[PDB]
Amino acid sequence: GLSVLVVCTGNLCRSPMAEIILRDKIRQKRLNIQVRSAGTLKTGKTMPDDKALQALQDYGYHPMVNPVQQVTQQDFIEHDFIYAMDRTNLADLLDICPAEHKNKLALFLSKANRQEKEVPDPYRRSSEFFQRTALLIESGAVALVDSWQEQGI
Amino acid sequence: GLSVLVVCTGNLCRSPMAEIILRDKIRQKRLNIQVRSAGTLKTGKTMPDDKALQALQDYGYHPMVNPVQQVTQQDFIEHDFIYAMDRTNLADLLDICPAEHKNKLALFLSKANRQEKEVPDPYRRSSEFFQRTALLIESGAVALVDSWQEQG
């Protein structure tokens, strides 16, 4: 029905938070949309960062979390849309995306309509930082889910 | 529908692995069932240990995992069944379950045709150990789902 990917540097913080927040909202409206996560940089890690997951249980998410992923050339073909958290994520994604698919790429907040266009980098920051981060990503999420709700007539 | 809870001591290793494998098998059997994990002991951690997550990948399980909870009185009334990995897990469980629900407890290996029916502690031993534990947990999960198909 629709396949969506979200990308950050390591797939530790922002893309999984994005992916979890996205799945809840897609689910609450029974939308045939699936979402994943993935990083640009490969990590030793297996699971998304703890601080990152605390911040989302504090807001009432009980998340079945997917293991860390780095982005793979099949993703540029598999997924109908690919969202970037900050533009450093979006450049690195473009140094690698087939020219046949650069049209899939857009930043996360792109549909927000807000002073925010990038999602800053929470890695190893205060828990309070992650609160705001979760909200920025949360707002970006509902815009998308409401947007997607529209193209279907 | 159905609810099943699998408990161990930390909810770091065994109850998590039991949680994935049941999902896989309930999937394969397209059954009206879902499963949770939970610890008995309190812990200030957020994700099951890695060595436990890999042991399922080696076996081709996608370890998409709920984070670590400790057991709460809510678990005794949300779920239909509760399973202990240890018998030590079963003492701790019985110390707190209301009298009208102790008929929900069982060991995890309850329906396995195997002699000893505890699932030992992978903490925090070699991956080969985690490999064994996975099959012991994997073996356990097969017998549960075959009964549930008729436990009615």
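The rules we used
Residues numbered from 1 in each chain as written, not as in the entry; some residues may be left out. Chains lettered and ligands numbered in written order. Heavy atoms only, no water. Pairing = 2+ DSSP bridges. Helix = DSSP H or I, 4+ residues; strand = E, 2+ residues; numbered from the N terminus. Axes fitted to C-alpha atoms, helices over the stretch in contact; angles between N-to-C directions. Contact = heavy atoms within 4.5 Å. Core = buried A, V, L, I, M, F, W, Y, C linked by side-chain atoms within 4.5 Å. Buried < 20%, exposed > 50% of the residue type's maximum accessible area, 1.4 Å probe, protein only. Right-handed = clockwise from strand over helix to strand, strands pointing away. UniProt positions renumbered as here; feature names shortened; annotations may be inferred. Polar contact = N/O pair within 3.5 Å; in protein donor to acceptor, adjacent residues only side chain to side chain. Arc of directions from axis to C-beta.

Chemist: Got a minute to help me understand the sheet that holds strand β3 (residues 81-84) of chain B in this structure?
Modeler: What holds strands together in a sheet is hydrogen bonding between their backbones, with the strands either parallel or antiparallel. Residue and element names in this part refer to chain B. Judged by pairing direction, the sheet is parallel, and its four strands sit side by side in the order β2-β1-β3-β4 without closing on themselves. At either end of the open sheet lies a strand with only one pairing partner, and these are β2 (34-39) and β4 (105-107). Pairwise comparison of adjacent strand axes, ignoring direction, gives a mean angle of 30 degrees for this sheet. In the sheet, strand β1 (residues 3-8) pairs with β3 via four bridges, with the strands oriented parallel. Across the sheet, residue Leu-5 finds its bridge partner in β3, namely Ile-82. On top of the sheet, helix α1 (residues 14-28) reaches β1 and β2; it is set at about 175 degrees to β2, its chief contact.

Chemist: Looking at this structure, I do not really get the nonpolar core. What am I missing?
Modeler: The nonpolar side chains of a soluble globular protein tend to be buried with one another. In terms of nonpolar packing, the biggest core is built from 67 residues, with A:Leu22, A:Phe108, A:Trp148, B:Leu22, B:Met85, B:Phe108 and B:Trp148 touching the most fellow members. When residues of this core are traced back to their parent elements, those giving at least two are β1 (3-8), α1 (14-28), α2 (50-57) and α5 (127-151) of chain A together with β1, α1, α2 (50-57) and α5 (127-148) of chain B. Look past the residues within four positions of A:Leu22 in its chain and what remains in contact with it is A:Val6, A:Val35, A:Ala141, A:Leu144, A:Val145 and A:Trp148. Core analysis: the second largest hydrophobic core is formed by twelve residues, A:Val71, A:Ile82, A:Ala84 and A:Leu90 among them.

Chemist: Is there a simple way to think about the environment of B:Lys42 in this case?
Modeler: Relative to the helices and strands, B:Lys42 resides in the loop between β2 and α2. Note: C-alpha distance between B:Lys42 and B:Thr9 (33 residues apart in sequence) is 8.9 Å.

Chemist: Is there a simple way to explain the pairing of β3(B) in this structure?
Modeler: Successive residues of a regular strand alternate their side chains across the two faces of the sheet. All names here are of chain B. For β3 and β4, the ladder comprises three bridges, and the chain directions are parallel. Among the inter-strand pairings, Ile-82 is bridged to a residue of β4, identified as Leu-105. Crossover β3 to β4 through helix α4 (residues 88-94) is right-handed.

Chemist: Help me understand the UniProt feature "domain: Phosphotyrosine protein phosphatase I" (unreviewed entry) in chain A in this model?
Modeler: When the UniProt feature table is mapped onto this chain numbering, "domain: Phosphotyrosine protein phosphatase I" (unreviewed entry) sits at residues 2-147 of chain A. Here residues 2-147 of chain A is 38% helix and 12% strand, with 13 Å between the C-alpha atoms at its ends.

Chemist: I keep staring at the UniProt feature "active site" (unreviewed entry) in chain B and nothing clicks. Help me out?
Modeler: All names here are of chain B. Here, the residues flagged by UniProt with the feature "active site" (unreviewed entry) are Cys-8, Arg-14 and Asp-121. With the annotated positions falling across 114 residues, the maximum pairwise C-alpha distance of 9.3 Å places them together in a single cluster. Secondary-structure assignment places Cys-8 in strand β1. For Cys-8, the residues in contact, after removing those within four places along its chain, are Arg-14, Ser-15, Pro-16, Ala-38, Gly-39, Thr-40, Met-85 and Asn-89. For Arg-14, the position within the fold is in helix α1. We classify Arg-14 as buried; its relative accessible area is 1%. In this structure the side chain of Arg-14 is engaged in a polar contact, spanning 3.4 Å, whose partner is the backbone oxygen of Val-119.

Chemist: So what exactly am I meant to see when it comes to the UniProt feature "domain: Phosphotyrosine protein phosphatase I" (unreviewed entry) in chain B here?
Modeler: The UniProt record marks residues 2-147 of chain B with the feature "domain: Phosphotyrosine protein phosphatase I" (unreviewed entry), using the residue numbering of this structure. In this annotation, residues 2-147 of chain B is assigned 38% helix and 13% strand; the end-to-end C-alpha distance for the span is 13 Å.

Chemist: Would you take a moment to explain α2(B) for this structure?
Modeler: Residues three or four positions apart in an α-helix share a direction because the helix packs 3.6 residues into each turn. Residues and elements named next belong to chain B. Within α2 the residues assigned to the buried category are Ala-52, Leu-53, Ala-55 and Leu-56. An end-on view of α2 places all buried positions within 155 degrees of arc, on one side of the element. Against the buried residues of α2 lie α1 and α5.

Chemist: I would appreciate a short explanation of the pairing of β1(A) in the present structure.
Modeler: Residue and element names in this part refer to chain A. Extensive coverage of β1 is indicated by the burial of six of its six residues. Of the two faces of β1, both are covered, the one formed by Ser-3, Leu-5 and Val-7 as well as the one formed by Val-4, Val-6 and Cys-8. Relative to strand β2 (residues 34-35), β1 runs parallel, the two sharing two bridges. Pairing of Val-4 across the sheet is with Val-35, part of β2. Sheet topology note: the β1/strand β4 (residues 81-84) ladder contains four bridges and is parallel. Across the sheet, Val-6 pairs through a bridge with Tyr-83, a residue of β4.

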